[PDB]
Amino acid sequence: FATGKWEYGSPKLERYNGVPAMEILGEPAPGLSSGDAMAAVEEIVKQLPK
Amino acid sequence: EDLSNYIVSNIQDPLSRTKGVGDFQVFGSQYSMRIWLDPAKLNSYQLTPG
């Protein structure tokens, strides 16, 4: 009375402030600051869905 | 009803975690899968609500 099939899931789920979220971490370029690095990150969220 | 569902789903918890907010009282509740039983069909199929 039972069968099975393969699917594609995620092993580690995470939430931030009560909503689903995903975590991206990195470093600035060598010889650069943190403020210009965060400013360079700040425009990339223009290119993501609604 | 959908307005109250939106308030308590997307709006309630961020302002409920803000500073100084001690209590929140909403007008209208969330969604819920309401199951209305009919007694005649329960009598016909020899069933209870239990």
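Thresholds applied
Residues numbered from 1 in each chain as written, not as in the entry; some residues may be left out. Chains lettered and ligands numbered in written order. Part of a larger assembly, values for the part shown. Heavy atoms only, no water. Helix = DSSP H or I, 4+ residues; strand = E, 2+ residues; numbered from the N terminus. Rg over C-alpha atoms; globule rule 2.2 N^0.38 Å. Buried < 20%, exposed > 50% of the residue type's maximum accessible area, 1.4 Å probe, protein only. Areas by Shrake-Rupley, 256 points an atom, 1.4 Å probe, with all protein chains shown as cover. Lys, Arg positive; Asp, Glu negative; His and termini not counted. Charge placed at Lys NZ, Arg CZ, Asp CG, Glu CD. 1 Å grid on protein atoms, 1.4 Å probe; cavity = no way out; pocket = protein on both sides within 12 Å on 5 of 7 lines; lining within 4 Å. Points joined across faces, edges and corners; volume = space filled by probe spheres on them.

Method-wise, the PDB entry is recorded as coming from cryo-EM, at a reported resolution of 3.2 Å.

Quick word on the overall build of chain B
A count of helices and strands for chain B gives two helices and zero strands. Scaling as 2.2 N^0.38, a compact globule of 50 residues should have a C-alpha radius of gyration of about 10 Å, whereas chain B reaches 18 Å, well beyond that. If you line up chain B on its principal axes, its C-alpha atoms span 55 × 20 × 15 Å. Evaluated residue by residue, chain B yields a buried proportion of 8% over its 50 residues. When the accessible surface of chain B is split by element, carbon and sulfur atoms take 57% of a total near 4900 Å². Within chain B, the 5 negative side-chain charges are centred at a point lying 7 Å from the centre of the 4 positive side-chain charges.

What to know about the layout of surface pockets
Computed from the structure, the largest pocket encloses a volume of approximately 280 Å³. Contributing to the lining of the largest pocket are 15 residues, with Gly26(A), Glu27(A), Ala37(A), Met38(A) and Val41(A) lying nearest its centre.

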